[PDB]
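K.L.:
Based on what follows, work out the 3D shape:
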Amino acid sequence: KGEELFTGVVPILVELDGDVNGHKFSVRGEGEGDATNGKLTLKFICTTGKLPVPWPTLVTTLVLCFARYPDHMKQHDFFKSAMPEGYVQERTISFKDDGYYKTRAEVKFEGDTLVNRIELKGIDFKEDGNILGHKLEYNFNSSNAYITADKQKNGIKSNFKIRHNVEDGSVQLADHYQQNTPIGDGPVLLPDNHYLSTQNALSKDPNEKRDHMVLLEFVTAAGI
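P.N.:
Numbering: from 1, shown residues only. Take a look:
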């Protein structure tokens, strides 16, 4: 019955509180998702002035319930099945030759709004490296991530890689480890192995003086 909450377009609220090497910050984002088409459009603002890390490093942390699951895979959509009570999403993101993020989020409906509320801690970063030194290009690469059931925890897990282009032509690796567990006691769908394919486009608002990110995302589930 959770899948029936996602017909049409659903408003989204994202709130992130972060601390990276003691540099604290907050992000607020709002937008909407169209699960039928797997389409997300959001705009994010740093509410604490200047974001101390590059915007592309926060894309994955900043709502997989909006993935388009094909009809023959609808029995493998854990994310919608956990709604409206929601799920916890936890990650470790390790930046090669630099520090790492630890994130804990709750994704659930609050009224008619799908909310993603996140806490982030970043540790062991180089003050002069690619992240705290703001040396990453303002763009994003397409990505694929394998999803497997975590039958004991009644949830799912995923390990996948993100590649961030660096201003010197090199590529900054961000290795993601993910696990999701339902918040509620109700039954949920545990999936067979599959993958989620994501396409991203970042842009800026021409008349926006705040530090911000405009994001368009397509997410699609696929079989092998």
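K.L.:
Break down the chain into its helices, ranges please.
P.N.:
Taking DSSP state H as the test, the helices found in the chain are 78-81.
K.L.:
OK, contacts around the residue nearest the centre of it?
P.N.:
By C-alpha atoms, centre = their mean, the chain has its centre lying nearest to residue 60, at 3.2 Å. For residue 60, the contact set (C-beta atoms under 8 Å, 6 or more residues apart in numbering) comprises 91, 93, 162, 174, 176. Every C-beta, even on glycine, is put in place using the N, C-alpha and C of the backbone.
K.L.:
May I have the residues that are in contact with residue 72?
P.N.:
Taking C-beta under 8 Å, 6+ apart, we find residue 72 in contact with residue 223.
K.L.:
Could you measure from it over to residue 221?
P.N.:
From residue 72 over to residue 221 the distance is 10 Å, taken as C-beta to C-beta, to the nearest Å.
K.L.:
Now do the strands in the protein.
P.N.:
Assigned by DSSP state E, the strands in the chain fall at 10-20, 23-34, 39-46, 87-95, 100-110, 113-123, 143-150, 155-165, 171-182, 194-203, 212-222.
K.L.:
buried set for the first one?
P.N.:
Within strand 10-20, the residues that qualify as buried by neighbour count (16 or more other C-beta atoms under 10 Å) are 10, 12, 14, 15, 16, 18, 20.
K.L.:
helices and strands around it, which ones?
P.N.:
Under the contact criterion of 3 or more C-beta pairs under 8 Å, 6 or more residues apart in numbering; DSSP states H and E, strand 10-20 touches strand 23-34, strand 39-46, strand 113-123.
K.L.:
Those strands into a markdown table, with extra columns for distance to residue 188?
P.N.:
Shown next, in a markdown table, are the helices and strands packed on strand 10-20 (distance: least, C-beta to C-beta, whole Å):
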| stretch | distance to residue 188 |
| --- | --- |
| strand 23-34 | 20 |
| strand 39-46 | 22 |
| strand 113-123 | 17 |
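K.L.:
residues in contact with the closest residue to residue 153 other than its chain neighbours?
P.N.:
Leaving aside its sequence neighbours, residue 153 sits nearest to residue 181 (C-beta to C-beta, 6 or more residues apart in numbering; 5.1 Å). Applying C-beta under 8 Å, 6+ apart to residue 181 gives the contacts 87, 88, 150, 153, 154, 155.
K.L.:
Would you write out the ChimeraX command that picks the buried residues out of those residues?
P.N.:
This is how ChimeraX selects the buried members of the contacts of residue 181, with burial counted by 16+ other C-beta under 10 Å:
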select :87,88,154,155
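K.L.:
Which single one of the contacts of residue 181 is nearest to residue 132?
P.N.:
When those are compared for distance to residue 132 (C-beta to C-beta), residue 88 comes out closest, at 27.9 Å.
K.L.:
How about the contacts made by the closest one?
P.N.:
Counting by C-beta under 8 Å, 6+ apart, residue 88 touches 104, 105, 106, 107, 180, 181, 182, 183.
K.L.:
quick one: the third one from residue 207, how far?
P.N.:
Put plainly, it is residue 106. Going from residue 106 to residue 207 by C-beta to C-beta gives 33 Å.
K.L.:
residues contacting the residue nearest to residue 44 when sequence neighbours are not counted?
P.N.:
Nearest residue to residue 44, sequence neighbours excluded (C-beta to C-beta, 6+ apart): residue 29, at 3.7 Å. The neighbourhood of residue 29, defined by C-beta under 8 Å, 6+ apart, consists of 12, 13, 14, 15, 16, 42, 43, 44, 45, 62, 215.
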